[PDB]
Every structure is written in C-alpha cells, then in structure tokens.
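Below: the structure, in structure tokens.
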Amino acid sequence: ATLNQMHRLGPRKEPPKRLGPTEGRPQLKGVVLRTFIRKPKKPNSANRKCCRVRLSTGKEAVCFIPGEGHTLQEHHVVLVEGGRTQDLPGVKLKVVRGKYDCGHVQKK
Amino acid sequence: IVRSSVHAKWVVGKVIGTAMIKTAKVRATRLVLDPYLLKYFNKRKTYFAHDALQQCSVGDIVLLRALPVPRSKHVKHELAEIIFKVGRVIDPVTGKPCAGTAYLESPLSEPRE
Amino acid sequence: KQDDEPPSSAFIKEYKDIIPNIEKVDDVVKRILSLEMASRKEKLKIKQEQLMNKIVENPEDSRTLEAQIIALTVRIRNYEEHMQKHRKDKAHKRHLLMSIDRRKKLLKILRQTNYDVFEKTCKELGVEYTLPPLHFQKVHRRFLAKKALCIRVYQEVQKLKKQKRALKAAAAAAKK
Amino acid sequence: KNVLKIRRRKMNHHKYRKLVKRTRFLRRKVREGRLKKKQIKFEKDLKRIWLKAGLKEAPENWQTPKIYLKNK
RNA sequence: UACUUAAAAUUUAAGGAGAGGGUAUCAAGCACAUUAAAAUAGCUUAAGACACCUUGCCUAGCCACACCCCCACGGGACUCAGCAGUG
RNA sequence: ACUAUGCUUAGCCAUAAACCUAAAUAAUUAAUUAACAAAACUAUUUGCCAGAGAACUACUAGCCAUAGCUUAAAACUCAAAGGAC
Ligand SMILES: [K+]
Ligand SMILES: [K+]
Ligand SMILES: [K+]
Ligand SMILES: [Mg+2]
Ligand SMILES: [Mg+2]
Ligand SMILES: [Mg+2]
Ligand SMILES: [Mg+2]
Ligand SMILES: [Mg+2]
Ligand SMILES: [Mg+2]
Ligand SMILES: [Mg+2]
Ligand SMILES: [Mg+2]
Ligand SMILES: [Mg+2]
Ligand SMILES: [Mg+2]
Ligand SMILES: [Mg+2]
Ligand SMILES: [Mg+2]
Numbered sequence: 031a032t033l034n035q036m037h038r039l040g041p042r043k044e045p046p047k048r049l050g051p052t053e054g055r056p057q058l059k060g061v062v063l064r065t066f067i068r069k070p071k072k073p074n075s076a077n078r079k080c081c082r083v084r085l086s087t088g089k090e091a092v093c094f095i096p097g098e099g100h101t102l103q104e105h106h107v108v109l110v111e112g113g114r115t116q117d118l119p120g121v122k123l124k125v126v127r128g129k130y131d132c133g134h135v136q137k138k
Numbered sequence: 003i004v005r006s007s008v009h010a011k012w013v014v015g016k017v018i019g020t021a022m023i024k025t026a027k028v029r030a031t032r033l034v035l036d037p038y039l040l041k042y043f044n045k046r047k048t049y050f051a052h053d054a055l056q057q058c059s060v061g062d063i064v065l066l067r068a069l070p071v072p073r074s075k076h077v078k079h080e081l082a083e084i085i086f087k088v089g090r091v092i093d094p095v096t097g098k099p100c101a102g103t104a105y106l107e108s109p110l111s112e113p114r115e
Numbered sequence: 062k063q064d065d066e067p068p069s070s071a072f073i074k075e076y077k078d079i080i081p082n083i084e085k086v087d088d089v090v091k092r093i094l095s096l097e098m099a100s101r102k103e104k105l106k107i108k109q110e111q112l113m114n115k116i117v118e119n120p121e122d123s124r125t126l127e128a129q130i131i132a133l134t135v136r137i138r139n140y141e142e143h144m145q146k147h148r149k150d151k152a153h154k155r156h157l158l159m160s161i162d163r164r165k166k167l168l169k170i171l172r173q174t175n176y177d178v179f180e181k182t183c184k185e186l187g188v189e190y191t192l193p194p195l196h197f198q199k200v201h202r203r204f205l206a207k208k209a210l211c212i213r214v215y216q217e218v219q220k221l222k223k224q225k226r227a228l229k230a231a232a233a234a235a236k237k
Numbered sequence: 129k130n131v132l133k134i135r136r137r138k139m140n141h142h143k144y145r146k147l148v149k150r151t152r153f154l155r156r157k158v159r160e161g162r163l164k165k166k167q168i169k170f171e172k173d174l175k176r177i178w179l180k181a182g183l184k185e186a187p188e189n190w191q192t193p194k195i196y197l198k199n200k
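Residue numbers (UniProt numbering), protein chains in the order written: chain A, 31 to 138; chain B, 3 to 115; chain C, 62 to 237; chain D, 129 to 200.
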C-alpha cells in the first residue's frame, strides 16, 4: 500500500477476542446432569469418561473427567476448568479433581 | 477593539461555495503530522465568511479575518482580501496579469491601461 | 440549429483562398471544388474556421484551450447529428459522451486560467458550464421518495409559521 | 495446475441450485412477505418525520409511493 | 488576603489550531442554513455525516454518579457505591 | 426424427477460465537467478489481500432482475490448506 493509503486506513483492524467455554473466567461451578462415554475420533481408540453439567451461568456443557476412575453421579457439584480434550471433539471443558464432590484419583 | 477568541485570527482558503446570501463557504487546509508515518498530510476545515459585497466566486483564494463577535452560529469570519481571483490572477512579483505559468501582459512592457 | 451553416457554393479549405486570386475560373470548376462535391468532413473544416475567427483573438493558433474547445464543439454537434439517424450506434454514442466530457474538462481549465476568454467562449459557442458538485448524491426510489417528503414537510412547517406571524401581527395592530 | 478448488465450488453451486429448486415455492412466499415488511418500515419511517416536525397530518396531496411492489 | 481599590486560589459560560473507540451489511441525515426590506434555498456527509454498539481517562491526578424514575417540582419498587458487618 | 434456441426488429437481463490468469504511466539494463512462467527492477497514483473450510452461503440494501445479479458475514470444524519442483 502507498503512504497515502496507509494514512487513510491507519492500523489494521483487530477482530475481537471471542470468549470460550468458561466465558473468560478461570473456573465455573456446575451440577452434573448425566454421565456418559464419548468415543475419540480416529486414529485413537478408547471409552473416554465425560459428563454433562449445568454451569453457574445457566448453560449446559460437556466436560471431560480426567484420571483413572471417578465416583461422579447426577446432582453432584464440580468445578470445571478450561482446556480442550484433543481427541474428543466439542469437549472444551474439564473437571477439577479434588474440589467439591469430585475427589482426587485413588492412588494404586 | 478586542480581537476574537477563535484561534484562527487569520485563515487562507479556497471559496468552495457561494450559495448563501452575503456569505462565502471557504475551505482552508493545514498540514498535520501523521505520528506513525511522520509525514504531513492536508487537514481541511470549512469557514463561513461574511462577504458584504458578494464579490466572491467559487475557486478563488481569499483571506478571512476573525470577527470580534460571531455574526451567527457559523459565521465568525469576514472577507479580508481576495488573494487570487479565479482565472484573473495578478502576479504579485511583477504585477502583470497572468494565465497560469505565463504572462498575459509582458513585464517588459508598460501598458498603464 | 446554429446561426451559421456553410453554403453549398463555398470552396473547400484547401482552395478557399486560392480560387479568388485566379482571374477567371469556370462554373464547372467552381462546382467541383465547392462544398457540394465534397464529403461532410470538408464541410466541418469550414465550420471550425468560421468559429475560430469569430471567437479566438489569434485564429492562426489552434493549440490554445479556446481553440481546442471550438474543435470539440464542432465534433460534438457532428456526433449529435450522426446519432439522430443511427439511434443504436454505441461506438459513436461513446464518442459523443466522451467529447462532451472532454469539453467540460477544458472549460474548467480555461476558467481557472483566463476567465475573460472563458466568458467569451461560452457566450459565443452557446455552451453552459455547470460547476462540479462538491458531494455525490446517491439516487434510488427509497431516497428520492423520502427526500421529497422531507422537502414537503419543511415547506408546510414554514408556511404555517408565516400565517401565524401575519395573524399575530394583525392582532397587535388592531390593539394599537 | 489442478482444478481442485474449482471442483469444490462446482459442487457447492450444484447442490445449492438443487436446494433452491426444491424450495422455490417456499422462497417465493418468504420474499413477498419480506417486501411487505420492507414497505411498512418505509411508510412508518416517513410518518415519523412529519409527526416529529409537528404536523398532525401528512403534507397535503402526499401519498407514500409503493416502491417495493410489482410496479414494473 | 489586600485596598477603597488588586494579587491569588478555585470555578462557571461561550468557544476551537490540532488530536480523540468500534461497525459502512449504519449511506444518507431531514431543518440539521444564511440574510435581516424579512427574503434566499440553503446546512452536514465516503476527508465517514447520521444511526447503533462498547468503554470511565487525562493518572502528583481528573471526570461522572450518590436508593430508583438521565433530572427530582413530583412520583415510586423508599437508601451502607462512609467504616465494620450480614443475606 | 423433431422442438426451445441460435436469425430480424423493439426492450430487458448484466453474467464468463469477461484470463496476456501481466492495473496504468515514466525510467534503467548494472551498480539482478526461491522454483516455474513472461529476464530483473525503481518511482508515482488508485484498487485489492491478511490460514483453510463453512462461503459464488445467511442476513442487509439497490436493481425492468422473482428458481436472478451485485454487495457479503458469523457461529462451528480443522492444523493445516495452498504454489513450484
Ligand atoms: K493411537
Ligand atoms: K442518576
Ligand atoms: K486465458
Ligand atoms: Mg461443499
Ligand atoms: Mg448483515
Ligand atoms: Mg439521581
Ligand atoms: Mg445499595
Ligand atoms: Mg448515603
Ligand atoms: Mg460497606
Ligand atoms: Mg426451430
Ligand atoms: Mg464477476
Ligand atoms: Mg475473450
Ligand atoms: Mg455466479
Ligand atoms: Mg447469492
Ligand atoms: Mg441475499
């Protein structure tokens, strides 16, 4: 672009930073609604443990539960955090182990 | 004989319109530095000026004097002088009529007409 | 039309000043070298020369803005006559509109440099010059319809104020 | 120089043309109603002007033109 | 705080060299002008008007707000956005 | 085999790989090989571009256009897509 064209337009317009599943917040608190299994998109093979939750904002999201074995059930309370599960498409939230009803993984 | 408050005590511009009665719309331009590019560009402003004799024509360079009291909401200047008349320029250096970069009357001659 | 059209008996521009000097020339020879046995292009060289004499101070010069404007006025009037018979000729319709625009451009430069010649040229050639409008106005059915109401609404509001002023002044006059 | 990018656009346009053909009658009714709402919005915007100006009735001899109807 | 007349601090009103967030799929706004016999038909705008959306900024500090209705005669759902404290 | 149609006369429609896939203009040919194509490169002015797909799409506005054209997004998905050899 010419110097006249750079002057008439100025600095590049910056698209706004749209928020993610946590809505620009470190964590959210949600109530478990259902516990189910999700299948990782190929080339991976597993039965990943997930749960649906109703977040404090009022929306409902799918959250991956990390660790080997959880005791979560419906009506439990959990603290979710950000971070996508790479193989699980659409799962953009995770549960925090050791907060509210969710507990630390039982060591073997 | 206190002078005007406005910063533009004296402004030069081009008469871009003359459709209001006894008023000439004048476009002045100033140089403003682009901070990113550090280059000067033309910022233009519009000034309404009182043309008492309706002696202004579109395209002529004029000098405006700030009025002591604003005549109206937008008329805060008067026509001090017509520096260059449109198509009827008179060379300041020699005083002879010119039509562009040429003399309609040679400076060697002394017509005195 | 225009005040002057070259007569059929006029000689072409090549021999316009040569035949008069010759002592005696036959009627046939005068007819062969007249504008009757010539193309339309030759008749236009005579129209242009007549206008240059009647307008330009120095008709010997054809490179002045005033002369260039006269050259384009003859062409424009020629293209207009062409387009009156050839209604669907799109090449010449472009030639006509581009010459009109060229004349307007030259008239603008003439106005800014020699206003006195500009005024004479426009008066003699019968060409009206309109100044370029500062702002372009978009046009479409919705805009033209809203702009018509806005003008009408204003006029009605102002008419009511004028009537009120007359009634108010009339009442005051009666009291006095 | 392959034509792969042209083939993606080729399929999108083909499938879109068949979608419009299936729902041609539905799309017609959507448009006639979108134009009607477009006309009402135009009339209301013109009524706002004269009412704000202080007039209690539209200017004499004025009838809002119907500019979106099948006038041509 | 001085004098029978003047130096400050602090404000208010009318303004304007220049600068000053986003969307142009907000492109027209619709009285937004001038003159001063009251006529003329003008004014703003792609050099971004107008409309909408978002945001305290200018940081020795400044600006706005003070239960709500922009205001607060009035009306209303009738007061901790002073300190600590509670739901 | 035979239509619409290609033809004429009026009007509409305004789209092409409408592609020399080369904006225009004035210089230079050396103090210059990403590849391929069409040797390199400077200056001036305007237009345009800012990962891929979604998308020659949705909505908006204009239009003789009504299964239309021009204008033209986002959510969401992906870690590539793409060019040359
Ligand atoms: K694997
Ligand atoms: K308030
Ligand atoms: K080609
Ligand atoms: Mg597709
Ligand atoms: Mg839109
Ligand atoms: Mg209050
Ligand atoms: Mg409170
Ligand atoms: Mg209080
Ligand atoms: Mg407190
Ligand atoms: Mg046939
Ligand atoms: Mg195209
Ligand atoms: Mg071709
Ligand atoms: Mg297309
Ligand atoms: Mg479309
Ligand atoms: Mg559309």
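A virtual CB, placed ideally from N, CA and C, is assigned to each residue, including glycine.
Check                                                                                                           : Outcome
Beta carbon proximity, residue 118 of chain B to chain A, threshold 7 angstroms                                 : Beyond the ends of chain B as shown, which are 3 and 115, falls residue 118 of chain B; an answer cannot be given.
Distance CB(A/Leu109)-CB(A/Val126) smaller than 7 angstroms                                                     : yes
C/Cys183 versus C/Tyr190: straight-line alpha-carbon distance, rounded                                          : 8 angstroms
Three-state class that DSSP yields for B/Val4 in the structure shown                                            : coil
CB contact below 7 angstroms: B/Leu33 versus chain A                                                            : no
Contact with chain C by B/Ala30, beta-carbon distance below 7 angstroms                                         : no
B/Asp53 versus C/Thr125 - alpha carbon distance                                                                 : 34 angstroms
DSSP-derived helix/strand/coil call for C/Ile80                                                                 : coil
Three-way DSSP call (helix, strand, coil) for A/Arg42 in this model                                             : coil
DSSP-derived helix/strand/coil call for B/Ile23                                                                 : coil
The alpha helix (DSSP H) enclosing residue 14 of chain C, as first and last residue numbers                     : Any answer about residue 14 of chain C is impossible in this case: the structure gives chain C only from 62 up to 237.
Whole-number beta carbon distance between B/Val4 and B/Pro70, since they are thought to touch under 8 angstroms : 6 angstroms
Limits of the unbroken alpha helix (DSSP H) element including C/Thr182                                          : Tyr176 to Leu186
Beta-carbon proximity list for C/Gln111, same chain, < 7 angstroms, skipping 5 on both sides                    : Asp65
Cβ-Cβ distance between B/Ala30 and B/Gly19 below 7 angstroms                                                    : no
Buried versus exposed, by CB contacts within 10 Å (16 or more), A/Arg68                                         : buried
Below-7 angstroms beta-carbon distance, A/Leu33 vs any chain B residue                                          : yes
Cβ separation of D/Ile177 and C/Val214, assumed to be a contact under 8 angstroms, to the nearest whole Å       : 6 angstroms
Contact with chain C by D/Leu197, beta-carbon distance below 7 angstroms                                        : no
Separation of B/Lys47 from B/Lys87, as counted between CA atoms                                                 : 21 angstroms
Inter-residue spacing [alpha-carbon to alpha-carbon] between C/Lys146 and D/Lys143                              : 50 angstroms
DSSP three-state assignment for B/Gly15, whether helix, strand or coil                                          : strand
Complete beta strand (DSSP E) runs within the segment 18-83 of chain B (minimum length 3 residues, chain order) : 25-35, 42-52 and 63-68
CA-to-CA distance, D/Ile195 to D/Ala181, given in whole angstroms                                               : 24 angstroms
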